[PDB]
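See below for the structure under consideration.
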Amino acid sequence: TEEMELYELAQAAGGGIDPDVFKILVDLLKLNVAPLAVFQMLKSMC
Amino acid sequence: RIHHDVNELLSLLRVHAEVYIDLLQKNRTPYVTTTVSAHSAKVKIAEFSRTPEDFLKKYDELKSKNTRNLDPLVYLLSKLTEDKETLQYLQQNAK
Amino acid sequence: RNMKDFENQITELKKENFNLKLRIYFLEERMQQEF
Amino acid sequence: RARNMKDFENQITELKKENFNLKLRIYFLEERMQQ
């Protein structure tokens with residue numbers, strides 16, 4: 001990972017998430033993907 | 001082409017169409033950055049009662065340092081209307 | 001022609017355009033490790 | 001709810017002439033690996 005600033009902030013408010021998933025989920029946003037669209041994708045696989 | 005790799009990789013941990021068609025739902029400019037309103041961030045803080053100030057004190061500090069993806073990540077957390085959907089999967093990974 | 005596979009055929013081509021786009025992202029990595 | 005049946009035909013030709021164009025870049029790039 002090594003994204004402590006992002007990972008740490010996400011863990012506190014969320015209360016818990018997959019460590020690998022956050023490493024991937026953050027990756028897509030870094031590519032300039034729309035924030036709302038990513039929310040839908042994580043809202044579709046479930 | 002990294003975006004395509006991420007979708008398949010996410011599917012593996014998400015292993016629970018939804019693979020291909022889910023790839024053609026992500027569309028956005030190549031190099032632009034789309035700032036999002038910070039008003040939602042306030043609502044998210046109230047939604048989670050786990051930390052009254054921990055989820056707020058640490059966040060302010062991270063805002064101090066400049067982070068490229070800081071604005072969208074906050075938006076995604078607020079948009080997590082589904083309850084326990086992500087948390088349920090995480091527990092399985094640890095075991 | 002049932003009109004229910006008429007669209008189903010699209011997904012077949014699409015999947016033929018995605019799976020084939022993934023095995024290449026790996027074929028590029030080995031070309032970066034070998035060298 | 002109803003496919004155009006005109007842009008779909010154009011889309012099929014556009015998606016087919018492009019897919020093939022992708023395989024050719026894999027057989028070669030892969031052959032180099034073996035070579």
Neighbour cut-off at most 11 other Cβ (10 Å), DSSP loop, trypsin sites (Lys or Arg not before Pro), chain D: D:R1, D:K6
Reachable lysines, given that their alpha-carbon falls under 20 Å from the alpha-carbon of D:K6 and they are not under 8 places away in the same chain: C:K4, C:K14, D:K16, D:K17
Check: segment B:33-95 dipole with +1 on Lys, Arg Cβ and -1 on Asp, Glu Cβ, in debye: 160 debye
Rounded tilt (10° steps) of A:4-14 against the dominant C-alpha axis of chain A: 70 degrees
Proximal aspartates and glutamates relative to B:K95, as straight alpha-carbon distance under 16 Å, when same-chain residues fewer than 8 apart are discounted: A:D18, A:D20
Nitroxide proxy distance, nm - points 7 Å out along Cα→Cβ at B:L9 and B:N66: 2.7 nm
Label-point separation in nm, C:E7 to A:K23, each point 7 Å along Cα→Cβ: 3.9 nm
Net charge contributed by nearby residues that have their C-beta within less than 11 Å of A:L36 (K/R +1, D/E -1): +4
Hydrodynamic radius by Kirkwood, which averages 1/r over all alpha carbon pairs of chain B, in angstrom: 16.1 Å
For A:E3, net neighbour charge (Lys/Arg +1, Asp/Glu -1) across residues whose Cβ lies under 10 Å away: -2
21 Å tail of the calculated P(r), the protein assembly as shown, as % of Cα pairs: 63 percent
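What translational diffusion coefficient, in µm²/s and rounded to a whole number, does the Stokes-Einstein relation yield for chain A at 4 °C and a viscosity of 1.567 mPa s, taking the hydrodynamic radius as the Kirkwood radius over Cα pairs?
115 µm²/s
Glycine also receives a Cβ, built like all others from the backbone with ideal geometry; neighbour counts cover every protein chain displayed. Rule-based calculations on the coordinates, nothing more; no lab input.
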